[PDB]
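In order, the protein sequences belong to chains A and B.
Residues in the first sequence are numbered from 439 upward in steps of one, following our numbering.
Residues in the second sequence are numbered from 439 upward in steps of one, following our numbering.
Even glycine gets a Cβ: it sits at the ideal position worked out from N, Cα and C.
These notes are about the structure you will find just below.
Protein chains: 2
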Amino acid sequence: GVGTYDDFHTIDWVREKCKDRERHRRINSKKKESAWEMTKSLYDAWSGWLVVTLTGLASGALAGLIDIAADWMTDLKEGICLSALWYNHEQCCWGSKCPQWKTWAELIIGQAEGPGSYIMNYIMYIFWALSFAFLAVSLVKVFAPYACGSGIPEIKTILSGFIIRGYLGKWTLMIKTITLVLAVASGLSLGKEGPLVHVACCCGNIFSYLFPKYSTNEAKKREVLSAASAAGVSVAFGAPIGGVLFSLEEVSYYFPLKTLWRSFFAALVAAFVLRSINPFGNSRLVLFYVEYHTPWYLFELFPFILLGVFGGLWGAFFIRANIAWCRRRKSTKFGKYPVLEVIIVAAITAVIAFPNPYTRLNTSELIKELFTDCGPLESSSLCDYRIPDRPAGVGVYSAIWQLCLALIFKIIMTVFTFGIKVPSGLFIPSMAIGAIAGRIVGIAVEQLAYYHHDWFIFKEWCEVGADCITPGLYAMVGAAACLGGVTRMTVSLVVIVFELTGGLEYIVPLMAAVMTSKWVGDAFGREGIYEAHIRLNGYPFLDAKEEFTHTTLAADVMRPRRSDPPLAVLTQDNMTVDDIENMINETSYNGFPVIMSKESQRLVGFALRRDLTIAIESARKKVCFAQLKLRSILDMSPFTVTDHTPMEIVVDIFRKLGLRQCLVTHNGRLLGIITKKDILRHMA
Amino acid sequence: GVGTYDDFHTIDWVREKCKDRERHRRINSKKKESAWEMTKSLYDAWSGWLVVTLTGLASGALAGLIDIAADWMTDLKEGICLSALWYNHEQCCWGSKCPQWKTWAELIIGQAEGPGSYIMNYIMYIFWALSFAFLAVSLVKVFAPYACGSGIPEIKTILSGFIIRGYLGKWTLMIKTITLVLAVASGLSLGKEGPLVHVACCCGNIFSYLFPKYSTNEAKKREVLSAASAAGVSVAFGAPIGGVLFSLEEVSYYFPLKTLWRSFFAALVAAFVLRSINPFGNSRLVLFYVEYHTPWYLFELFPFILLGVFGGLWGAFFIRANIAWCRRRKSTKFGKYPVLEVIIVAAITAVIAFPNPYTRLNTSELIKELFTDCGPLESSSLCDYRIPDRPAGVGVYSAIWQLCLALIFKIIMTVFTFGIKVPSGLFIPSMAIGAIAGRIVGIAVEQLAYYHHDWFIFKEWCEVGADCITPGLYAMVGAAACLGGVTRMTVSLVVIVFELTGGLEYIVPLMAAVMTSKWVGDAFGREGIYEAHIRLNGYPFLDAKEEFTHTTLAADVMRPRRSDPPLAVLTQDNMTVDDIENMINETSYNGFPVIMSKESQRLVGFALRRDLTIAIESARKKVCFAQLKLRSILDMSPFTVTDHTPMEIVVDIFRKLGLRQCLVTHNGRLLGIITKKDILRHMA
Ligand SMILES: Nc1ncnc2c1ncn2[C@@H]1O[C@H](COP(=O)(O)OP(=O)(O)OP(=O)(O)O)[C@@H](O)[C@H]1O
Ligand SMILES: Nc1ncnc2c1ncn2[C@@H]1O[C@H](COP(=O)(O)OP(=O)(O)OP(=O)(O)O)[C@@H](O)[C@H]1O
Ligand SMILES: [Cl-]
Ligand SMILES: [Cl-]
Ligand SMILES: [Cl-]
Ligand SMILES: [Cl-]
Ligand SMILES: [Cl-]
Ligand SMILES: [Cl-]
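Here it is, written out as structure tokens:
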């Protein structure tokens, strides 16, 4: 009861460490009694690894199930396997003019070809997109409203000590899994690689309730959630090291430096399980893994910067636009019709995505297709090729024509499709936009090389009789650049991309593009999409990157100020239960400093509203703060900071010790308070 | 002048960050003036990468020169190349019964063979070992006494805020490089992979003096030294990621999490330069790099854990013996004759090392030879081999006979040879002991398989007609186990070994052996050799691993106590210059809390002894602490901690904020002080 946090309230890390140390000391003291006690001590020491093991296994299994179901449903959106329903397009057209895999054309009209067949299949595609999106949104809105969104901003904030009760519950887990399957299969411009961080964390917290070492403490729960975020990123991208780096850079806030072992173990186990789910012998590390064995020239490092600029522009644009829409979704009647909005967005996406073969094609499959360089047996519109370069024809001319339309559609539709009441991610759509840009640039460069090989730009570098330009590498570079320009990741992202598509040959291009994208995006604000959404949602996230440039001390920020009412303080014996109840029920404060006397104004300690209420209720059912004596709940070591302290030290105290509130005094006299939110309000 | 630290005094991290913020604000304000100011701001922003670049290049070049010179001198200890003096044994016997490479035998006696030849070559080997060791020790003792020892404990401590003035100076760098070349070439049981962490750091600090951003600040110097330690470990083992992990785990103390980029850049550049030094086309990544393409069975994971036990025993034994000797070297007349002690040790090592071919052979070369599994063209005593296994003879029996003697000699002689006045390291000798144990175990297992293949232990796992046991993998496992049992490294060490010897096939055996070694060593004390030597030297190192188990508050530790004289405090106007001078000259304290009046005992601020002295001298050449007015030097935000505070929070303040000293009060009254050393003294 005592020391229980309220909803949407930040965590006093220091008290968590204190009670954890008390538990450790008690366990060690009980250890020496007999063999069972050392056994229990070993069990409690290994609980930190048991939670990570279970979290990794659950994350791997959930990612495998989600991927299988999303593939099957996305393919059900187009046709069905008459021979055996439990197959997708790939399996029903490979495992043997395929007579088994039938689109709705011959099912309904009876003719596989014709304008009527195309119209009816268009209608059926739109209908299935609408049905999937509507079901996902209804299920989220009715069973677990916390399933919406990528949930990386909220997990981030939750690892900064913040609290959101059901956000990582069982029902959020189940509904997020189901609705993520149903949304990635709805044709929306969204992915489930971003959301896989949340659905992974949902596992960890759940498993944290199996062990008293973590259920009864919050800081250790944050350790388990950091490990779970690493496991989630790993199982999403299949990159354990990349996932751990992402956890260090973006998500995790307190890192004792011992959890790196646990984070990497979680990531490794998650990736191992994800690999273990190979029910049909899929050799692809992920649904968008591509390998490269082609060279690049220093000249190509110029366009690889160009994409970096583009990915730096669009990124900023997106963060400049998406929030500008999300605000309008929250500050307008659009926020009262979530289901209608998602149905409208799914209908528009399915209407404008069917005509274009690339937009109609699943975003992760589109990323795979863009990554792979043209093959000899491929005659698709992408590589309709008619000297060191292949000849060109009309087909490659139309390839750019329609790929530009795909790029524009994805850019426009991901702005309106990120924040909506359905599990949506920003990794896959950003990578798709970046990869489309990269493929466009790569085709342009290859065509330039073929038509104008005689120039010294290609005469020396490009070997005669050998194709030198690699469009797939440009697509990968563009994906990395756009992803880093929307999320402002530098090394975590580059390592994620490197593991995502093996090969160290393209570390220089990847670093160049990612760094250029970040340096271009920072010119229009130094906040990534996750930081911008943490800000927009108004979460109490203390960003260490932000600098308290203002030269102001704790004198300015301590509250109450002159205008605000007198500082609320307690006493030792003068007052009674009635007084404390009256001043609690009339005050929204969660904590009261206690002094001896009104005139003395000398600090004694600190007490919390929740602890006071619980203890007072217990006493009433079943006042003397000094030695109704309620000293037990009292805090005799409340952090103080002299008013002359420049606020940088106070912010550093909050960020390092993880306090909720530090008092403020002037030469041994209590004057004000600074909660974890007071500094945030001051920054605004 | 003001705010200058004294010798062997710890660093107030908080003040360093504060003055760094002041400098940042001033530079940013000056930025807007004109183009040159933005140029200067960019220059100061890239200084952090320029220092790391220079440190990495210098570390690579110094490691290359050290390795070349050590090879040449170690080979000069045996013979010379008549055709061209600037060649070692490998080059003078490969680049064409070699007539060029002549040992001293035919040079002096004239006959290459005979008992007299052997005796005189033995005498010359001992003489050259003595000469090299004596020259190294004389040069260290006369030019830079800080060059002695591995210097990893001292660098560690220096990254914890401690200060040692010349320890990373130019002269320590030069003398350490020369004497490390001369000591690794003296036949002593020591290495230069450990010392290269110091030789790298010596570079960084030196380069830190090229830039006001780091010369005038100490915390940023510690960041550069962390990057330099990463670069040093990388250039030593050729493992950038392993070096960065070692810096994170062992050396670095404060990691803002942004220096990881700088640490990895330093490590990468150092390894790149080290590779770039290939004047004779050496394809070996390092002098002891070995590749493996052989399998292992689960059965061998039992002996691979046995070595872990052995490496866990010996490790502890070493940390139970070496310190027990180092104390005796410091608490006895042995400490008054460093040169004589090192000459005696070199003479004994050269006397007992010549007879044994493995002991006579350079420790790094011996590690390389142990790592490589037997080859078809190798007929050495190590693989004197006469069914899935090769037949055996007397030669393999003698191999174990003398390899056990090599193991015993190295174990006994590294205990007496680590701490002595000459640059010595513990990586190579520990790896050599581990690898000798590993080869012993591997040969034993292979012989068991050959003689008793019929047993089901090998009848199933070991394929008929194919050799299954890999002695070289046992050597690697033993090296890793002993290294981790003497240094108590878990993941940094495993990654260092993995990069040092490409191949993920042996990650499971390496983890098993390293973890077993650490868990066995912890049973005999939970401190690595570096921690044990930091303790023995009495450095003020606050080890986060240590737990302040004692349930005592800041009341217990605050000084002065009842017995100690009255707490030293100051006033505002009552006293005069004479009083302050008298109390400074009669007190060894470096800090003085200031209150208003003796009776009020209300805390105002804090003033350091060095600042007081400098300002007082300036005023005398060229008292009113409130608004001789010396408020400017005063600290108006001195950290306080109520006496009821359990010491864990105070230790956490010191470890996170990096304070030197926090005061201690009781209900708004100054009662005591705690320094960074008071908590350490209490722990003892
Ligand atoms: N005892 C007090 N007397 C006066 N002002 C206080 C006292 N305790 C807190 N405050 C101030 O009142 C405001 C509300 O703080 P409060 O304690 O309610 O924060 P919180 O519970 O952490 O936040 P939230 O509003 O999210 O619940 C802040 O300005 C805080 O500084
Ligand atoms: N103003 C003071 N009045 C009384 N005791 C003090 C005062 N300042 C420090 N002390 C105590 O004196 C002892 C040494 O403090 P001091 O300031 O000299 O340490 P230091 O300079 O950091 O250490 P070192 O001895 O390595 O130079 C410690 O017990 C410290 O708590
Ligand atoms: Cl959202
Ligand atoms: Cl997807
Ligand atoms: Cl996301
Ligand atoms: Cl030493
Ligand atoms: Cl060596
Ligand atoms: Cl060492």
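Using a C-beta cutoff of 7 Å, does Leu938 of chain B count as contacting chain A?
no
Check the Cβ-Cβ distances between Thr1083 of chain B and every residue of chain A, and say whether any is below 7 Å.
yes
Check the C-beta distance from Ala669 of chain A over to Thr493 of chain A and give it rounded, since I have them as a contact under 8 Å.
6 Å
With 16 other Cβ atoms within 10 Å as the buried cut-off, status of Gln1065 of chain A
exposed
Residues of chain B with CB closer than 7 Å to the CB of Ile1087 of chain A, please, in chain order.
Within chain B, the residues near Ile1087 of chain A are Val452 and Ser1075.
Inter-stretch contact at 8 Å, needing at least 3 Cβ pairs: the segment 822 to 830 of chain B / the segment 884 to 892 of chain B:
yes
Name, in chain order, the residues that DSSP records as bridge partners for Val1032 of chain B.
Answer by DSSP bridge pairing, in chain order: B:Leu1008 and B:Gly1043.
Roughly how many angstroms lie between the CA atoms of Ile715 of chain B and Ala501 of chain B, to the nearest whole one?
9 Å
Just curious, the beta strand (DSSP E) that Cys1100 of chain B is in, first and last residue?
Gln1099 to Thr1103
With a threshold of 7 Å between beta-carbons, can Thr477 of chain B be considered close to chain A, or not?
no
Evaluate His971 of chain A with the Cβ neighbour count: other Cβ atoms within 10 Å of its Cβ, from every protein chain shown; 16 or more gives buried, anything less gives exposed.
buried
Through-space distance from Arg767 of chain A to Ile761 of chain A, alpha-carbon basis
9 Å
Output needed for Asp822 of chain A: all residues of its chain with C-beta closer than 8 Å, excluding positions within five of it in sequence on either side, in chain order.
Listed in chain order, the non-local C-beta contacts of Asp822 of chain A below 8 Å within the same chain comprise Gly831, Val832, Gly833, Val834, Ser836 and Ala837, local neighbours out to five positions each way being set aside.
Tell me which residues pass a beta-carbon proximity test against ligand 7: closer than 6 Å to any heavy atom, given in chain order.
Residues whose Cβ lies closer than 6 Å to any heavy atom of ligand 7, listed in chain order: B:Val622, B:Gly629, B:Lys630, B:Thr801, B:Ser802 and B:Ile866.
Using a Cβ-based criterion (distance less than 6 Å to any ligand heavy atom), does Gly976 of chain B qualify as near ligand 6?
With a threshold of 6 Å, the Cβ atom of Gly976 of chain B does not count as near ligand 6, since no heavy atom of the ligand is closer than that.
Of all the residues that make up the segment 850 to 867 of chain B, which are near chain A by a beta-carbon distance shorter than 7 Å?
none
Taking 6 Å as the line, does the beta carbon of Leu921 of chain B fall inside it for any heavy atom of ligand 8?
no
Quick check: the segment 633 to 642 of chain A against the segment 471 to 487 of chain A, are there 3 or more CB pairs under 8 Å?
no
Does the Cβ-Cβ distance between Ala571 of chain B and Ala791 of chain B come in under 7 Å?
no
Thinking just about the alpha-carbon of each residue, which of A:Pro650, A:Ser930 and A:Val915 is nearest to the one in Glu943 of chain A?
A:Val915
Roughly how many angstroms lie between the CA atoms of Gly872 of chain A and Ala507 of chain A, to the nearest whole one?
26 Å
Shorter than 6 Å, the distance from the beta carbon of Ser685 of chain A to the closest heavy atom of ligand 2, or not?
no
Chain A contacts made by the segment 679 to 703 of chain B, where a contact means CB separation under 7 Å
If the cut-off is 7 Å between Cβ atoms, the segment 679 to 703 of chain B has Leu686, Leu695 and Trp699 near chain A.
For the beta strand (DSSP E) holding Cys519 of chain A, just list the boundary residues, first then last.
Run containing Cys519 of chain A: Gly517 to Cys519, per the beta strand (DSSP E) assignment.
List the residues of chain A whose Cβ lies closer than 7 Å to the Cβ of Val1042 of chain B, in chain order.
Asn1105
Spatial neighbours of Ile518 of chain A within its chain, please: CB distance less than 6 Å, with the 5 preceding and 5 following residues excluded, ordered by chain position.
none
When burial is assigned at 16 or more other CB atoms within 10 Å of the CB, is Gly439 of chain B buried or exposed?
exposed
Return yes when at least one heavy atom of ligand 6 lies under 6 Å from the C-beta of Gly587 of chain B, else no.
yes
Based on the DSSP output, what are the partners of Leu695 of chain B in its beta bridges?
DSSP, once it has assigned bridges, lists no residue as partnering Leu695 of chain B.
Closer than 6 Å: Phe847 of chain B CB and nearest ligand 2 heavy atom:
no
Where does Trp734 of chain B fall in DSSP's three states?
Correct three-state label for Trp734 of chain B: coil.
Contact list for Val1032 of chain B against chain A, beta-carbon separation under 7 Å
Within 7 Å Cβ-Cβ: nothing; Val1032 of chain B doesn't reach chain A, min ~10 Å.
Is it right to say residue 1128 of chain A is buried, meaning 16 or more other beta carbons lie within 10 angstroms of its own, or is it exposed?
Nothing can be reported for residue 1128 of chain A: it is not among the residues displayed for chain A, which extend from 439 to 1122.
Beta-carbon proximity check, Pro909 of chain A vs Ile934 of chain A, cutoff 7 Å:
no
Near-chain A residues of the segment 917 to 947 of chain B (beta-carbon distance less than 8 Å), N- to C-terminal order:
Those would be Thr928 and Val929, in chain order.
Considering only heavy atoms of ligand 6, does any lie closer than 6 Å to the CB of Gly857 of chain B?
yes
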